[PDB]
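Enquirer: experimental structure and its sequence below.
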Amino acid sequence: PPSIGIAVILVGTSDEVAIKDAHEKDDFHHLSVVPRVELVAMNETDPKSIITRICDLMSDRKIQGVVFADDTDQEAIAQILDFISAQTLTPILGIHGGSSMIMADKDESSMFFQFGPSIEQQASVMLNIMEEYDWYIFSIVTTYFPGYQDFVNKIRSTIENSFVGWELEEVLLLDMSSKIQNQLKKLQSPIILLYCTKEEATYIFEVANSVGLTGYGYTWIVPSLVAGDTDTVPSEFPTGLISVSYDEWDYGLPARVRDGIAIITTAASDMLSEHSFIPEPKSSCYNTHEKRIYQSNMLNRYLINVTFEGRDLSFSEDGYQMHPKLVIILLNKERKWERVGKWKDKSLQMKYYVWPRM
Ligand SMILES: *[C@H]1O[C@H](CO)[C@@H](O)[C@H](O)[C@H]1NC(C)=O
Ligand SMILES: *[C@H]1O[C@H](CO)[C@@H](O)[C@H](O)[C@H]1NC(C)=O
Ligand SMILES: [Cl-]
Ligand SMILES: [Cl-]
Ligand SMILES: [Cl-]
Ligand SMILES: [Cl-]
Ligand SMILES: [Cl-]
Ligand code: NA
Ligand SMILES: [Zn+2]
Ligand SMILES: [Zn+2]
Ligand SMILES: [Zn+2]
Ligand SMILES: [Zn+2]
Ligand SMILES: [Zn+2]
(Lines give C-alpha, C1' and ligand atoms only; values in the text may rest on other atoms or scores of the structure.)
(Ligands and ions follow the chains in the order given, each with its own letter.)
Protein backbone atom coordinates (compact mmCIF):
# COMPACT_ATOMS: atom_id res chain seq x y z
CA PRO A 1 0.00 0.00 0.00
CA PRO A 2 2.30 2.83 -1.22
CA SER A 3 0.43 6.13 -0.81
CA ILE A 4 1.21 9.78 -1.49
CA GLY A 5 -0.92 12.71 -0.40
CA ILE A 6 -1.59 15.26 -3.10
CA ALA A 7 -3.36 18.53 -2.55
CA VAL A 8 -5.44 19.99 -5.31
CA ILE A 9 -6.00 23.63 -4.50
CA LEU A 10 -8.52 25.53 -6.57
CA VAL A 11 -8.57 29.24 -5.84
CA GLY A 12 -11.32 31.07 -7.75
CA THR A 13 -12.02 28.23 -10.17
CA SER A 14 -15.66 27.38 -10.81
CA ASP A 15 -16.05 23.93 -9.18
CA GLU A 16 -16.25 21.89 -12.40
CA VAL A 17 -13.52 19.59 -11.14
CA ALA A 18 -14.57 16.39 -9.36
CA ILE A 19 -11.94 14.18 -7.67
CA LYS A 20 -12.42 10.59 -6.59
CA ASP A 21 -13.05 10.47 -2.90
CA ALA A 22 -10.33 7.93 -2.07
CA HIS A 23 -12.21 5.13 -0.26
CA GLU A 24 -11.52 2.20 -2.55
CA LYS A 25 -7.75 2.52 -2.85
CA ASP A 26 -8.09 1.72 -6.57
CA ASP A 27 -4.88 2.80 -8.26
CA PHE A 28 -4.50 5.80 -10.60
CA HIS A 29 -4.14 4.81 -14.25
CA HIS A 30 -2.16 1.69 -13.38
CA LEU A 31 0.67 3.42 -11.55
CA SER A 32 2.50 1.78 -8.64
CA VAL A 33 1.75 4.52 -6.10
CA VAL A 34 -1.80 5.30 -4.97
CA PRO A 35 -2.32 9.07 -4.84
CA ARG A 36 -4.40 10.09 -1.83
CA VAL A 37 -5.88 13.23 -3.38
CA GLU A 38 -7.32 15.95 -1.13
CA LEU A 39 -9.50 18.49 -2.95
CA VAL A 40 -9.63 22.08 -1.70
CA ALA A 41 -11.62 24.98 -3.13
CA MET A 42 -10.68 28.29 -1.56
CA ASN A 43 -13.24 31.09 -1.94
CA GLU A 44 -11.07 34.10 -1.09
CA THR A 45 -8.49 34.79 -3.79
CA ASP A 46 -5.96 37.20 -2.29
CA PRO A 47 -2.39 35.84 -1.93
CA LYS A 48 -2.52 36.25 1.85
CA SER A 49 -5.41 33.81 2.17
CA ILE A 50 -3.63 31.36 -0.12
CA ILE A 51 -0.32 31.33 1.71
CA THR A 52 -2.22 30.85 4.94
CA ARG A 53 -4.51 28.18 3.59
CA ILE A 54 -1.86 26.12 1.82
CA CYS A 55 0.47 26.28 4.81
CA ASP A 56 -2.10 25.39 7.43
CA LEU A 57 -3.12 22.42 5.30
CA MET A 58 0.47 21.12 5.04
CA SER A 59 0.77 20.63 8.80
CA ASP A 60 -2.75 19.20 9.26
CA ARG A 61 -2.57 16.59 6.50
CA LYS A 62 0.28 14.51 5.01
CA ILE A 63 1.05 16.20 1.70
CA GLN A 64 3.92 15.31 -0.62
CA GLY A 65 2.85 17.37 -3.61
CA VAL A 66 0.50 20.15 -4.66
CA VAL A 67 -1.41 20.66 -7.89
CA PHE A 68 -2.62 24.24 -7.86
CA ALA A 69 -4.95 26.21 -10.15
CA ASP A 70 -6.56 29.63 -9.98
CA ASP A 71 -8.84 31.65 -12.28
CA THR A 72 -7.37 35.00 -11.22
CA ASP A 73 -4.98 37.28 -13.12
CA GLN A 74 -2.48 37.65 -10.29
CA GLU A 75 1.05 36.67 -11.28
CA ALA A 76 1.54 37.34 -7.58
CA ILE A 77 0.28 33.86 -6.74
CA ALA A 78 3.48 32.52 -8.34
CA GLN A 79 5.79 34.16 -5.80
CA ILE A 80 3.91 32.68 -2.83
CA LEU A 81 4.04 29.27 -4.53
CA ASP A 82 7.72 29.27 -5.40
CA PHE A 83 8.36 30.36 -1.85
CA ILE A 84 6.42 27.46 -0.36
CA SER A 85 7.84 24.89 -2.76
CA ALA A 86 11.25 26.07 -1.56
CA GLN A 87 10.61 26.22 2.18
CA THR A 88 9.15 22.71 2.10
CA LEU A 89 11.11 21.00 -0.67
CA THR A 90 7.72 19.92 -2.00
CA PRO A 91 6.73 19.91 -5.70
CA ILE A 92 4.04 22.42 -6.58
CA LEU A 93 2.62 22.62 -10.08
CA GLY A 94 1.27 25.92 -11.41
CA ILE A 95 -1.41 24.36 -13.51
CA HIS A 96 -3.40 27.38 -14.69
CA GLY A 97 -4.09 30.99 -13.89
CA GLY A 98 -1.89 33.57 -12.27
CA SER A 99 -0.12 30.63 -10.74
CA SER A 100 1.29 29.72 -14.14
CA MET A 101 2.23 33.09 -15.57
CA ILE A 102 5.95 33.19 -16.44
CA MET A 103 7.97 33.58 -13.27
CA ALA A 104 11.36 34.68 -14.53
CA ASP A 105 13.50 34.55 -11.38
CA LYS A 106 12.86 31.37 -9.42
CA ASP A 107 14.45 29.87 -6.32
CA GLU A 108 16.87 27.35 -7.86
CA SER A 109 16.22 25.10 -4.87
CA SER A 110 12.43 25.06 -5.28
CA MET A 111 10.34 22.53 -7.12
CA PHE A 112 7.80 24.97 -8.47
CA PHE A 113 6.91 24.06 -12.05
CA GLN A 114 4.47 25.95 -14.25
CA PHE A 115 2.34 24.87 -17.17
CA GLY A 116 2.75 26.68 -20.46
CA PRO A 117 5.64 28.37 -22.31
CA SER A 118 8.87 29.88 -21.06
CA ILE A 119 9.88 33.50 -21.68
CA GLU A 120 12.14 32.08 -24.39
CA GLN A 121 9.64 29.77 -26.13
CA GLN A 122 7.20 32.68 -26.29
CA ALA A 123 9.83 34.99 -27.77
CA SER A 124 10.88 32.30 -30.26
CA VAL A 125 7.22 32.05 -31.35
CA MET A 126 6.55 35.76 -31.67
CA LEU A 127 9.40 35.79 -34.20
CA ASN A 128 8.14 32.57 -35.78
CA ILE A 129 4.99 34.59 -36.52
CA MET A 130 6.54 37.83 -37.68
CA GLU A 131 8.21 35.81 -40.47
CA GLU A 132 5.12 34.03 -41.78
CA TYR A 133 3.94 37.53 -42.68
CA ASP A 134 7.35 39.01 -43.44
CA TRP A 135 6.96 41.52 -40.58
CA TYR A 136 10.71 42.14 -40.22
CA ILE A 137 10.94 45.73 -38.92
CA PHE A 138 9.91 46.00 -35.26
CA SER A 139 10.58 47.61 -31.88
CA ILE A 140 10.62 46.03 -28.43
CA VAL A 141 9.00 47.65 -25.42
CA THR A 142 9.42 46.00 -22.03
CA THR A 143 8.98 47.17 -18.49
CA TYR A 144 10.98 46.06 -15.48
CA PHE A 145 8.86 42.99 -14.81
CA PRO A 146 11.24 40.04 -14.19
CA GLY A 147 12.11 38.37 -17.45
CA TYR A 148 12.39 41.52 -19.52
CA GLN A 149 16.17 41.07 -19.65
CA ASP A 150 15.96 37.36 -20.57
CA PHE A 151 13.26 38.10 -23.19
CA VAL A 152 15.07 40.91 -25.02
CA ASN A 153 18.12 38.64 -25.23
CA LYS A 154 16.24 35.81 -26.90
CA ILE A 155 15.13 38.25 -29.56
CA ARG A 156 18.55 39.81 -30.13
CA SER A 157 20.10 36.34 -30.15
CA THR A 158 17.94 34.79 -32.88
CA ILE A 159 18.27 38.03 -34.88
CA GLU A 160 22.12 38.08 -34.97
CA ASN A 161 22.45 34.65 -36.61
CA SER A 162 19.57 34.85 -39.11
CA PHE A 163 19.78 35.16 -42.90
CA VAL A 164 16.53 37.14 -42.74
CA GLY A 165 16.57 40.93 -42.68
CA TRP A 166 15.44 41.68 -39.13
CA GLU A 167 15.64 45.33 -38.12
CA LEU A 168 15.26 45.86 -34.37
CA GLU A 169 14.75 49.61 -34.42
CA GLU A 170 14.10 50.48 -30.76
CA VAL A 171 14.10 48.85 -27.34
CA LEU A 172 12.45 50.76 -24.52
CA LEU A 173 12.40 50.22 -20.76
CA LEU A 174 9.53 51.80 -18.91
CA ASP A 175 9.98 53.17 -15.41
CA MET A 176 6.34 53.09 -14.32
CA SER A 177 5.12 55.26 -11.41
CA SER A 178 3.39 59.69 -16.89
CA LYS A 179 6.92 60.20 -18.28
CA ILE A 180 6.13 57.17 -20.46
CA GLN A 181 4.71 59.47 -23.17
CA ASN A 182 8.07 61.07 -24.00
CA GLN A 183 9.43 57.52 -24.41
CA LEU A 184 6.62 55.78 -26.30
CA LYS A 185 6.45 58.76 -28.66
CA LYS A 186 9.97 57.83 -29.84
CA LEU A 187 8.52 54.71 -31.52
CA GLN A 188 8.80 54.31 -35.29
CA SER A 189 8.28 50.61 -36.13
CA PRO A 190 4.91 49.09 -37.24
CA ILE A 191 5.35 45.89 -35.24
CA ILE A 192 5.83 46.20 -31.50
CA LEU A 193 6.69 43.48 -29.04
CA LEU A 194 5.46 44.50 -25.61
CA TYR A 195 6.70 42.53 -22.63
CA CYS A 196 4.96 43.25 -19.32
CA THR A 197 2.12 42.26 -16.97
CA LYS A 198 -1.52 42.45 -17.91
CA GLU A 199 -2.06 45.35 -15.48
CA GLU A 200 0.99 47.26 -16.66
CA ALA A 201 -0.15 46.71 -20.22
CA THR A 202 -3.49 48.43 -19.71
CA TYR A 203 -1.78 51.63 -18.60
CA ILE A 204 0.76 51.44 -21.38
CA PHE A 205 -2.02 51.13 -23.94
CA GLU A 206 -4.21 53.91 -22.54
CA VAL A 207 -1.16 56.12 -23.13
CA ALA A 208 -0.19 54.89 -26.61
CA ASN A 209 -3.83 55.27 -27.68
CA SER A 210 -3.76 59.00 -26.94
CA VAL A 211 -0.52 59.19 -28.92
CA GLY A 212 -1.89 57.16 -31.82
CA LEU A 213 0.89 54.54 -31.72
CA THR A 214 -2.03 52.13 -31.12
CA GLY A 215 -4.32 51.76 -34.14
CA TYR A 216 -3.93 51.04 -37.84
CA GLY A 217 -0.34 50.84 -39.03
CA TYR A 218 0.79 49.53 -35.65
CA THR A 219 0.29 45.94 -34.57
CA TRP A 220 1.23 44.93 -31.05
CA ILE A 221 2.30 41.43 -30.12
CA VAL A 222 2.26 40.37 -26.52
CA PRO A 223 3.11 37.43 -24.16
CA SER A 224 0.60 34.95 -22.76
CA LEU A 225 0.32 36.66 -19.38
CA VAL A 226 -0.91 39.95 -20.83
CA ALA A 227 -3.87 38.12 -22.31
CA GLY A 228 -4.41 36.51 -18.92
CA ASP A 229 -7.96 35.27 -18.55
CA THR A 230 -9.24 35.75 -22.09
CA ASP A 231 -12.68 36.44 -20.64
CA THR A 232 -11.48 39.72 -19.16
CA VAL A 233 -10.63 42.34 -21.76
CA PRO A 234 -9.54 45.87 -20.71
CA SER A 235 -11.16 48.79 -22.52
CA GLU A 236 -7.71 50.09 -23.43
CA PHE A 237 -6.58 46.92 -25.19
CA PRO A 238 -6.31 47.83 -28.89
CA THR A 239 -8.36 45.72 -31.28
CA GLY A 240 -5.82 43.84 -33.39
CA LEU A 241 -3.82 42.77 -30.39
CA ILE A 242 -1.93 39.62 -31.24
CA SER A 243 -1.01 37.43 -28.31
CA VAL A 244 0.31 33.96 -27.61
CA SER A 245 -1.78 32.00 -25.14
CA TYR A 246 -1.78 28.63 -23.49
CA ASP A 247 -4.64 26.54 -24.90
CA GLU A 248 -7.72 26.79 -22.69
CA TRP A 249 -9.99 25.32 -25.40
CA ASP A 250 -9.02 21.70 -26.16
CA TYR A 251 -7.42 21.56 -22.70
CA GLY A 252 -9.96 21.87 -19.92
CA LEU A 253 -9.12 22.27 -16.25
CA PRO A 254 -9.98 18.70 -15.20
CA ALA A 255 -7.46 17.48 -17.83
CA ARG A 256 -4.69 19.52 -16.30
CA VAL A 257 -5.55 18.37 -12.80
CA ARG A 258 -5.40 14.82 -14.14
CA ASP A 259 -2.07 15.70 -15.72
CA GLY A 260 -0.93 17.34 -12.49
CA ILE A 261 -1.63 14.24 -10.43
CA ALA A 262 -0.05 12.21 -13.18
CA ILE A 263 3.21 14.14 -13.25
CA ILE A 264 3.67 13.69 -9.51
CA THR A 265 2.29 10.15 -9.17
CA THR A 266 4.63 9.01 -11.94
CA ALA A 267 7.74 10.59 -10.43
CA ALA A 268 6.86 9.04 -7.06
CA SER A 269 6.34 5.60 -8.59
CA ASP A 270 9.61 5.80 -10.53
CA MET A 271 11.47 6.68 -7.33
CA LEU A 272 9.90 3.96 -5.20
CA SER A 273 10.96 1.84 -8.20
CA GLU A 274 14.67 2.76 -8.09
CA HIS A 275 15.01 3.34 -4.30
CA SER A 276 12.72 1.98 -1.57
CA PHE A 277 11.79 5.56 -0.64
CA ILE A 278 9.22 8.32 -1.11
CA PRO A 279 10.19 11.52 0.79
CA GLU A 280 8.23 11.86 4.03
CA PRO A 281 5.64 14.68 4.15
CA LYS A 282 7.18 18.01 5.15
CA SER A 283 4.87 19.79 7.59
CA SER A 284 5.98 23.42 7.94
CA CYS A 285 6.40 26.29 5.49
CA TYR A 286 8.24 28.26 8.15
CA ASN A 287 9.75 26.35 11.07
CA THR A 288 12.21 24.41 8.87
CA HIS A 289 14.09 21.57 10.56
CA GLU A 290 13.56 19.85 7.20
CA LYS A 291 17.12 20.35 5.94
CA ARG A 292 16.42 17.15 3.95
CA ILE A 293 17.88 18.95 0.93
CA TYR A 294 19.02 15.69 -0.71
CA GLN A 295 15.94 13.49 -1.04
CA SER A 296 14.52 16.55 -2.77
CA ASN A 297 17.01 16.70 -5.64
CA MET A 298 16.32 12.98 -6.17
CA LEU A 299 12.57 13.46 -6.56
CA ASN A 300 13.24 16.51 -8.71
CA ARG A 301 15.03 14.25 -11.19
CA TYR A 302 11.83 12.31 -11.79
CA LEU A 303 9.27 15.15 -11.84
CA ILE A 304 11.33 16.91 -14.47
CA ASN A 305 10.75 14.18 -17.02
CA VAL A 306 7.27 12.70 -16.89
CA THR A 307 5.54 11.36 -19.98
CA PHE A 308 2.04 10.09 -19.34
CA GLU A 309 -0.21 8.29 -21.71
CA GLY A 310 -0.52 10.51 -24.77
CA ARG A 311 0.97 13.72 -23.38
CA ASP A 312 4.60 14.57 -22.73
CA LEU A 313 5.04 16.73 -19.65
CA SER A 314 8.73 17.06 -19.24
CA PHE A 315 9.78 20.36 -17.67
CA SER A 316 12.61 22.76 -18.38
CA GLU A 317 15.38 23.72 -15.95
CA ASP A 318 13.73 27.05 -15.08
CA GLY A 319 10.49 25.26 -14.29
CA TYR A 320 8.42 25.73 -17.42
CA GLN A 321 6.73 23.13 -19.56
CA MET A 322 9.02 22.09 -22.37
CA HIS A 323 6.38 21.11 -24.90
CA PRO A 324 3.21 23.19 -24.50
CA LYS A 325 0.46 23.35 -27.13
CA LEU A 326 0.04 27.02 -27.93
CA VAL A 327 -2.62 29.16 -29.55
CA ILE A 328 -2.08 32.49 -31.27
CA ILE A 329 -5.08 34.72 -30.61
CA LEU A 330 -6.40 38.05 -31.80
CA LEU A 331 -8.35 40.82 -30.13
CA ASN A 332 -11.17 41.26 -32.62
CA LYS A 333 -13.71 44.00 -33.36
CA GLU A 334 -16.55 42.80 -31.09
CA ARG A 335 -13.71 42.62 -28.51
CA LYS A 336 -13.45 38.86 -28.08
CA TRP A 337 -10.27 36.81 -28.65
CA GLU A 338 -10.21 34.69 -31.80
CA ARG A 339 -8.01 31.62 -32.31
CA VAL A 340 -5.89 32.29 -35.42
CA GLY A 341 -2.95 29.89 -35.26
CA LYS A 342 -1.57 26.90 -33.41
CA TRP A 343 1.98 25.90 -32.45
CA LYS A 344 2.84 22.24 -31.94
CA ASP A 345 6.59 21.80 -31.81
CA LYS A 346 8.65 24.31 -33.78
CA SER A 347 5.71 23.86 -36.18
CA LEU A 348 3.65 27.06 -36.48
CA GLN A 349 0.33 26.50 -38.26
CA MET A 350 -1.64 29.69 -39.04
CA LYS A 351 -5.29 30.02 -40.14
CA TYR A 352 -5.17 32.94 -42.60
CA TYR A 353 -3.20 33.78 -45.75
CA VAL A 354 -4.33 37.40 -45.60
CA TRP A 355 -3.81 38.85 -42.13
CA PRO A 356 -7.20 40.32 -40.99
CA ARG A 357 -8.04 43.99 -40.29
CA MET A 358 -10.03 44.85 -37.16
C1 LIG B 1 -17.39 33.54 -0.30
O2 LIG B 1 -18.49 32.94 0.38
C3 LIG B 1 -18.59 33.28 1.77
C4 LIG B 1 -19.62 32.48 2.56
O5 LIG B 1 -20.70 33.18 3.11
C6 LIG B 1 -18.70 34.79 1.92
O7 LIG B 1 -19.05 35.24 3.20
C8 LIG B 1 -17.46 35.45 1.33
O9 LIG B 1 -17.34 36.82 1.60
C10 LIG B 1 -17.32 35.07 -0.15
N11 LIG B 1 -16.22 35.71 -0.84
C12 LIG B 1 -16.36 36.09 -2.24
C13 LIG B 1 -15.20 36.76 -2.97
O14 LIG B 1 -17.38 35.89 -2.80
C1 LIG C 1 14.15 11.24 -19.24
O2 LIG C 1 15.58 11.29 -19.15
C3 LIG C 1 16.19 10.05 -18.77
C4 LIG C 1 17.68 10.14 -18.46
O5 LIG C 1 18.55 9.35 -19.23
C6 LIG C 1 15.81 8.96 -19.77
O7 LIG C 1 16.54 7.77 -19.64
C8 LIG C 1 14.30 8.79 -19.76
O9 LIG C 1 13.84 7.67 -20.47
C10 LIG C 1 13.63 10.11 -20.15
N11 LIG C 1 12.19 10.04 -20.28
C12 LIG C 1 11.58 9.13 -21.23
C13 LIG C 1 10.06 9.05 -21.36
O14 LIG C 1 12.27 8.47 -21.94
CL1 LIG D 1 -7.55 39.08 -10.70
CL1 LIG E 1 2.83 33.19 -19.56
CL1 LIG F 1 15.27 39.80 -16.20
CL1 LIG G 1 -8.27 10.76 -13.70
CL1 LIG H 1 -6.04 28.13 -35.28
NA1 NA I 1 2.57 29.59 -18.32
ZN1 LIG J 1 -5.82 5.73 -18.30
ZN1 LIG K 1 7.51 31.80 -43.29
ZN1 LIG L 1 -8.84 27.67 -17.98
ZN1 LIG M 1 19.44 5.02 -3.91
ZN1 LIG N 1 8.98 20.32 -28.35
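Expert: Sure, I can see it. Numbering: from 1, shown residues only. Ligands and ions are numbered 1, 2, ... in the order given.

Enquirer: when you work out contacts or count neighbours from here on, use the C-alpha atoms and nothing else.
Expert: Will do.

Enquirer: and the helix or strand hosting residue 171, which residues are buried?
Expert: According to DSSP states H and E, residue 171 maps onto strand 167-173. Neighbour-count burial for strand 167-173, counted by 16 or more other C-alpha atoms under 10 Å, picks out 168, 172, 173.

Enquirer: got a list of what the last one touches?
Expert: If you count contacts by C-alpha atoms under 8 Å, 6 or more residues apart in numbering, residue 173 has them with 141, 142, 143, 144.

Enquirer: what about the last one, how many residues nearby?
Expert: The reference is to residue 144. 14 (other C-alpha atoms under 10 Å).

Enquirer: surely it is within a strand?
Expert: No - counting by DSSP: H, G, I helix; E, B strand; the rest coil, residue 144 is not found in a strand; it is coil.

Enquirer: surely it meets residue 174?
Expert: Yes - at 6.8 Å, residue 144 counts as touching residue 174 under the criterion of C-alpha atoms under 8 Å.

Enquirer: look up how far ligand 4 lies from residue 226.
Expert: 8 Å (C-alpha to the ion, to the nearest Å).

Enquirer: give me the helices and strands touching the helix with the most length in the chain, please.
Expert: In the chain, with assignment by DSSP state H, the single longest helix is helix 253-274. The contact analysis (3 or more C-alpha pairs under 8 Å, 6 or more residues apart in numbering; DSSP states H and E) places helix 253-274 against strand 3-11, strand 34-40, strand 66-70, strand 92-96, helix 293-303, strand 307-308.

Enquirer: got these as CSV, with mean neighbour count columns?
Expert: CSV is the format used below for those (neighbours: other C-alpha atoms under 10 Å):
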stretch, mean neighbour count
strand 3-11, 22
strand 34-40, 20
strand 66-70, 25
strand 92-96, 26
helix 293-303, 16
strand 307-308, 15
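
Enquirer: and those as TSV, adding distance to residue 76?
Expert: Listed next are these as TSV, based on distance: least, C-alpha to C-alpha, whole Å:
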stretch	distance to residue 76
strand 3-11	13
strand 34-40	20
strand 66-70	11
strand 92-96	12
helix 293-303	24
strand 307-308	29
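
Enquirer: what residues does the stretch 201-350 of the chain put near ligand 13?
Expert: 323, 345 (C-alpha under 5 Å from the ion).

Enquirer: bridge partners for the residue in the stretch 201-350 of the chain that ligand 7 sits nearest to, pull those for me.
Expert: Closest contact between the stretch 201-350 of the chain and ligand 7, by C-alpha to the ion, is at residue 341 (3.6 Å). Beta-bridge partners for residue 341, by DSSP bridges, are residue 328, residue 350.
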